[PDB]
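Residue numbers (the deposited numbering), protein chains in the order written: chain O, 17 to 151; chain b, 2 to 83; chain x, 73 to 250; chain B, 21 to 233; chain y, 7 to 131, 206 to 222, 230 to 412.
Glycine is no exception: its CB is placed at the ideal position from the N, C-alpha and C atoms.
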Amino acid sequence: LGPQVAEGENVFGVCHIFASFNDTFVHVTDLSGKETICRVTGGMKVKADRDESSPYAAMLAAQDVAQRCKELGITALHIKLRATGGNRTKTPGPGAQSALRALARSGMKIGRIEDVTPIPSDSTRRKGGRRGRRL
Amino acid sequence: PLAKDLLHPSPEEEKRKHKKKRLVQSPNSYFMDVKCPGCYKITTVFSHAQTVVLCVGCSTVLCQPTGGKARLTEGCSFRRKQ
Amino acid sequence: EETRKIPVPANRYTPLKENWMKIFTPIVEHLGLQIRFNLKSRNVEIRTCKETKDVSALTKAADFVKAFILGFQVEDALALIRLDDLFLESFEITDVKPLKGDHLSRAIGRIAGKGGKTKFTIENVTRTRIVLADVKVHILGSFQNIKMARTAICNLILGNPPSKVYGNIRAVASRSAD
Amino acid sequence: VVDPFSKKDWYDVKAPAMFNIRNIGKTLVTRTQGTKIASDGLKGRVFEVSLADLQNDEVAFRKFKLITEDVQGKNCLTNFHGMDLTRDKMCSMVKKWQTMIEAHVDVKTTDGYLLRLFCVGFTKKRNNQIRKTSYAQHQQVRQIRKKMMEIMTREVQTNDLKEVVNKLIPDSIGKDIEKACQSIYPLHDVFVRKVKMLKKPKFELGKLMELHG
Amino acid sequence: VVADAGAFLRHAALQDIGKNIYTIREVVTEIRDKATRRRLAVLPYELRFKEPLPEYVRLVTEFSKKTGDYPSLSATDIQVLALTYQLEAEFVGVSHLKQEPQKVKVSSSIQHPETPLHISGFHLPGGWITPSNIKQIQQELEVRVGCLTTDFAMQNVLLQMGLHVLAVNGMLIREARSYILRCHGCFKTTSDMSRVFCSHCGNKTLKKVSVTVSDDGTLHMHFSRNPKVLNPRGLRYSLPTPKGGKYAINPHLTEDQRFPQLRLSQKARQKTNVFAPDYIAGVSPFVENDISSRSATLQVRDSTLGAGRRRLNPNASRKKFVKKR
RNA sequence: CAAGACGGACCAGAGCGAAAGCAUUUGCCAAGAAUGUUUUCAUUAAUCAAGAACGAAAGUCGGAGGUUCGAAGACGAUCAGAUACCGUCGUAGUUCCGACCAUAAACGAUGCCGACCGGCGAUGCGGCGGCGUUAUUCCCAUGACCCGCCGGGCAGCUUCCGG
Ligand SMILES: [Zn+2]
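Next comes the structure, spelled out in structure tokens:
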């Protein structure tokens, strides 16, 4: 099962790596992006909410999603790194970096790295008050 | 410092100063005599003229007002009076 | 063969020029990668070659040079080359607390402290490296160490004095089984 | 239990004739199950493709949005939908001690595709400059923004999508704006940063044939 | 084959290439590197020590001060030069060498002296650094006697007078591309690129000028025809009164004013080395910072730290809450 | 697709305003400092009880609208005694229009006008004098830089003027 493409040419997928401040999401799609091939969250691998956003969970997610692409036949992936964005933090965290490193480790060719986070032009009001956020 | 002849300053020093801060007040402007390339009629034009001036016997603009000195049109010749 | 390009700002051109040999020597000796600096696009470009030893070394090189460009010392990103579990969390100072103007500047001050000492104090407790861009904070270290440093920094820029910050961060380091 | 991916089909998706590299790649589609038609399902997709995957000589910091419009038996033709810049490039372009000048026009081309053009331009520190900042005054900025608006309006209204796209690949518009704005203030990095598709005419078939081949 | 200390610093094992190996005691005994003294007791002993003649060191100095390089030269450097002179005079005929060398020819360009040309990793518009090229990048690499000099002054004087010299590469070198510092008040040139005050008039006025010397013996130097280089922008500013004591730092106007001793502690100047075999056993990935010592409280910094801050003009505006040391 | 919101990065010890305050594009409307003048009036001025306009945020009346946030409030966690911290939801409010209130660490914790007493070079605006590089060498002026000078400003550094 998979595309009828010769061994020379490779097929491309887009791996939405979304590392929020609670877990990670691995949404492998077509180059169009409409239909999903796979998505491995942090919570599907570790049975603990404390370890949900751990780099170990992202590493396991990247390994499992790479196994899923090898079972179908995707050999090279473009990367769209993402953070929570918007009003919240814009920079992707350690989970995205760990997932990208683990996916590059498991024999997978890397195409274009793109930092696509929903950066607002002008934000709405912040989640916290005037006092602050994060302890 | 502590030794300056305020009565007789050098002309370069007084030329550098602001026109109201001179030892005796004197303007920075003049009255220039302008000759048009076409006509032979001589015209007195103030150096910082604010209005556009027209030649009496040529009906041609001589100068255009600016922020400071009025710039002359191309081809006109000017001579400073004394 | 694949490659990664990373940009450099105008203020980071001269440290890149001075420390150039210390950058490209471990990239080309231990990792076996081709490296150049495109002056027109102002990008450090690293590509794999036929005699590259293994995969994921290109990502190690990209992390090394990007950590150097963000403001870390060349040895502190050589640590990224050697060690495996090292990451980079960075965040804006105005993220946790809405600060405007001079207040924001004072927050930067109490991340540095007098002589930078407070900053160095965190680097002794959380065992991390921290770089202050003009409104941005970058942490390099292990995951729990990055989280510890981030809690310390966010405690500093919410108004808490450095003494409470040192006491809390040393207590957390004590319970961290270090 | 039942794998849904055995019911899926792999279609080929191809670039238009404007670009050297045609084969965009593969597209997954569910099979026709009587009610819904497989060709109708993929008729409204936007394809994100970099310029390095389209022409070998060109630069990689430009992105094209493509609409798939027709199905020819495991072959998909794409039509131009938009153009954008890489966020890494845009982050690198915004330096501090300079002035950013932005313009936008709503312009209709000859064959009816109503587009929105965005143009950005940065002020340039010159060769013998000693001053730190290179700010332009407000009237100069307005004059530059004007000159961008009439340049884009002139060079889009008289062309069609073939000529407009063949202008946007090497960015004739940006170089024309840079050349024309030297008399007001010298500019550093001017591009058409984003192109939006506001309105499309009635869809035809011969237009897609002459656009593709 | 006269070996200078630059070949010994670079582990240039060219002992098999040549046969007439001649060295000085004071070009090998001053090296503080441990690995060089380690390999010295390991390397095959066919090098031998030879002393120059006072007449020949006198002649070498005589035309070296006509070349304009005599302040840049050192005593052991003159030993090496006159040793090569004596060897080539005693083996080869002396008619090959020419004295009182050629004049300079001036041809300026619009390029800045800080343009990053001839850097290996830098490439304008392909120039890549490959592990096949890491052994190749030494310098501009192009029969019996020669030199193993790495300093540009040695190459300059040896090529002006006319000896064929070589590098760590086995083949003889052809062209010498480098930079020099020229005073723009006294017009005296120094080959030492590290210094910042000139030897003649002592002002902080040395500026970079590029020099290329061909194999014939003809030298041409390029100035920069750029108004930014010779600009008096950040030069006149109000100076503080000179303070004394153990803690006072002075604005450094002369090359030899007595500064107070303000050194760093050992822990403050430890840099982490990552390729040590026992680095992985470290409880922390990094060397711990020093905050306990008195030097940490006095905000003592290294000479390297804060280099672009000095390049800002004092007559400017900094950030409101920042203080410049 | 729609809804209300907000004008990031450029954004600086830069600018404007009596202050509170002011940052998307374009058009219109009426003002304003400064600079330049060998223009005009000829003391028309300074500070100002009484009195009068503006006046952050929060709040109150009548209308519209409610995207985010969100006091109160509801739950959930946490305890010898917790009833503040934390998490989810969410009312008034936060938005606009027309009426009210005249309060801030409404701060330079420093009345306004005028004179004199050290220095320096950066910046914003205006004016003056200039070798040169630039608009692919521009055919003339003009814009951008470069070098000085003067005037009004936002500021800085230095000093045993003296306090
Ligand atoms: Zn000198």
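is_contact[residue i, chain y] using C-beta, thresh 8 Å
{"i": "residue 239/x", "result": "no"}
{"i": "residue 95/B", "result": "no"}
{"i": "residue 226/x", "result": "no"}
{"i": "residue 196/x", "result": "yes"}
Where residue i meets chain B, residues with beta-carbon distance less than 7 Å
{"i": "residue 82/x", "result": "115"}
{"i": "residue 50/O", "result": "65"}
Partners in chain x for residue i, counting only beta-carbon separations shorter than 8 Å
{"i": "residue 101/O", "result": "The contacting residues do not exist; residue 101/O stays about 12 Å from chain x at best."}
{"i": "residue 237/y", "result": "Under the 8 Å cutoff, chain x gives no residues; its nearest Cβ is about 15 Å from residue 237/y."}
Cross-chain neighbours of residue i in chain y, by beta carbon under 7 Å
{"i": "residue 96/x", "result": "127, 209"}
{"i": "residue 201/x", "result": "373"}
{"i": "residue 330/x", "result": "For chain x, the structure presents residues 73 to 250; residue 330/x sits outside this window and is missing."}
{"i": "residue 136/x", "result": "None at all; the shortest Cβ gap to chain y is about 11 Å."}
Below-8 Å beta-carbon distance, residue i vs any chain O residue
{"i": "residue 17/B", "result": "Coverage of chain B is limited to positions 21 through 233, which leaves residue 17/B absent and any answer about it impossible."}
{"i": "residue 25/B", "result": "yes"}
{"i": "residue 47/B", "result": "yes"}
{"i": "residue 70/B", "result": "yes"}
{"i": "residue 90/x", "result": "no"}
{"i": "residue 120/x", "result": "no"}
{"i": "residue 124/x", "result": "no"}
{"i": "residue 117/x", "result": "no"}
Amino acids of chain x, ordered along the chain, whose beta-carbon sits closer than 7 Å to that of residue i
{"i": "residue 386/y", "result": "187"}
{"i": "residue 112/B", "result": "79"}
Chain B residues whose Cβ lies nearer than 8 Å to that of residue i
{"i": "residue 320/y", "result": "150"}
Chain B contact for residue i (CB, 8 Å cutoff)
{"i": "residue 87/x", "result": "no"}
{"i": "residue 34/O", "result": "no"}
{"i": "residue 23/O", "result": "no"}
{"i": "residue 110/O", "result": "no"}
Residue-level contact to chain x via CB, residue i, 8 Å cutoff
{"i": "residue 126/B", "result": "no"}
{"i": "residue 403/y", "result": "no"}
{"i": "residue 70/O", "result": "yes"}
{"i": "residue 151/O", "result": "yes"}
{"i": "residue 74/O", "result": "no"}
{"i": "residue 214/y", "result": "yes"}
{"i": "residue 91/O", "result": "no"}
{"i": "residue 255/y", "result": "no"}
{"i": "residue 95/O", "result": "no"}
{"i": "residue 29/O", "result": "no"}
For residue i: DSSP bridge partner residues
{"i": "residue 207/B", "result": "143/B"}
{"i": "residue 79/x", "result": "115/x"}
{"i": "residue 92/O", "result": "28/O, 125/O"}
{"i": "residue 127/B", "result": "135/B"}
{"i": "residue 35/b", "result": "44/b, 79/b"}
{"i": "residue 31/B", "result": "47/B"}
{"i": "residue 29/y", "result": "55/y"}
Chain x residues whose Cβ lies nearer than 9 Å to that of residue i
{"i": "residue 108/B", "result": "77, 78, 79"}
{"i": "residue 393/y", "result": "Near residue 393/y there are no residues of chain x at all, since even the closest Cβ is about 12 Å away, more than 9 Å."}
Beta-carbon neighbours of residue i, restricted to chain O and to distances below 8 Å
{"i": "residue 127/x", "result": "120, 121, 123"}
- prompt: Any residues in the stretch 156-189 of chain x with a beta carbon nearer than 8 Å to a beta carbon of chain O? Which ones, in chain order?
  reply: Going along the stretch 156-189 of chain x in chain order, one finds 157, 159, 160, 161, 162, 163, 164, 167, 168, 169, 170 with a Cβ nearer than 8 Å to chain O.
- prompt: Which ranges does the beta strand (DSSP E) cover as unbroken runs of at least 3 residues, wholly within the stretch 98-130 of chain x, from first to last along the chain?
  reply: The stretch 98-130 of chain x contains these whole beta strand (DSSP E) runs: 105-110, 115-120.
- prompt: According to a CB-to-CB cut-off of less than 9 Å, which residues of the stretch 213-224 of chain B neighbour chain O?
  reply: Identification of residues in the stretch 213-224 of chain B having a C-beta nearer than 9 Å to some C-beta of chain O yields an empty set.
task: Taking only beta carbons into account, state which residues of the stretch 74-102 of chain B come closer than 8 Å to chain y, listed in chain order.
output: Taking 8 Å as the Cβ-Cβ cut-off against chain y, none of the residues of the stretch 74-102 of chain B qualify.
- request: May I ask you to list, following chain order, the residues of the stretch 299-318 of chain y that have a beta carbon less than 8 Å from some beta carbon of chain B?
  value: Shown in chain order are the members of the stretch 299-318 of chain y whose Cβ falls below 8 Å from a Cβ of chain B: 313, 314, 315, 318.
- request: Mind listing, in chain order, the continuous alpha helix (DSSP H) runs of no fewer than 4 residues lying wholly within the stretch 155-241 of chain x?
  value: For the stretch 155-241 of chain x, the continuous alpha helix (DSSP H) assignments of 4+ residues that do not extend past its boundaries occur at 174-184, 189-197, 215-228, in sequence order.
- request: May I ask you to list, following chain order, the residues of the stretch 202-236 of chain x that have a beta carbon less than 7 Å from some beta carbon of chain O?
  value: Within the stretch 202-236 of chain x, 215, 218, 223, 226, 227, 230 place their CB atoms closer than 7 Å to a CB of chain O, listed in sequence order.
query: Which residues, taken in chain order from the stretch 105-119 of chain y, show a beta carbon closer than 9 Å to some beta carbon of chain x?
result: Correct list: empty, as no residue qualifies.
message: What are the residues in the stretch 81-103 of chain y lying within 9 Å of chain x by C-beta distance?
response: So the list is empty, because no residue satisfies the distance condition.
- request: Entirely within the stretch 41-95 of chain O and at least 4 residues each: give me those alpha helix (DSSP H) ranges in chain order.
  value: Every unbroken stretch of the alpha helix (DSSP H) spanning 4 or more residues and falling wholly within the stretch 41-95 of chain O is given here in chain order: 71-88.
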